[PDB]
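Read on for two forms of one protein chain; each stands alone as C-alpha cells, with the labels structure 1 and structure 2.
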Structure 1
C-alpha cells in the first residue's frame, strides 16, 4: 500500500496512461511541474547525461542509484523534484536497453518522497508560482 505522493510518482516515472492512474489530480500537477523543470534545467541535465552516459548505456543500475541518493542528501523540495525529473529521463533512456520499472529505484524514490506534505506543497504552490513567474517574462 502506497502513500498518495508515492503512487503518483510511480505512475509518472512508469509513464502510465493517465486513465489507469489512481491519483489523477496530483499526477497531473506533478508532471506539469517536472515539465517546467525540464525546460528550465536543460543545460544542467545536459551535463548530467554526459557524465552518466557510461552508467546508463552499460545499464549499471547500482551505479545510477547511489549517484541519485548522493544528490538527495538533505534535499529541499526543489531538489527532490529536480532529481525526480532527472530520474524520469534516465528511466526513459534505460528503457531503451531493457524494460525498467520505477520499482527498481524504490530506495531513491523513497528519498524523493519523504516530507510528503512539504513536497506536495511544492508541486501545488511554488512550482506553479515559478512556472508563471518564468512565462510572464517570456
Structure 2
C-alpha cells in the first residue's frame, strides 16, 4: 500500500531491480539487506540453527509470531535485520511448499511501522 510496504513485498518476492536511483526505495532496500546479509552471515547461520525445526516442519504460525514478537519495540536496524531474515526464510520454505510474502503480511506491517525512521535508516544510515 505505502511506497515502503509495496517495496518490502517486492523485495520479499525478489522482483529484480531495474532502474536504480540513489533514492529508489526497492533498490536501496535490496542493497541494505544484501549488505546486512553478507556482513552478518555467521549470525544468520546461528538464526537458521535456531529456526531449522520451524522451517523443516513448515511452521508458519510460529515463524510469524516469533518475528512479530521480535519486532515489537524494534529500532530501524532490527526491523531491517528482520526483513533480511524473513527473505531467506521465505526462500527456504519454498523447497517445501509455495510460500510468498502475503503469508507474512503482519510481519511486514511491523517491519514498515514508523516509515520515516525506516526509510531514514535505509537511505542515510544503512551501510
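Positions refer to the first chain, counted from 1. Residues that one form lacks are left out of the comparison. Think of the rigid core as the biggest set of C-alphas that the two forms share within 1.5 Å after superposition.
Is there a C-alpha shift of 2 Å or more at residue 19 between the two structures once the rigid core is superposed?
Passes the 2 Å threshold, so yes.
After superposition on the rigid core, what is the displacement of the C-alpha atom of residue 63 between the two structures, in Å?
For residue 63, the alpha-carbon shift amounts to 1.0 Å.
Note down every stretch of 3+ consecutive residues with C-alpha shifts of 2 Å or more between the two structures, superposition done on the rigid core, in sequence order.
Segment displaced between the two structures after core fit: 17-24 only.
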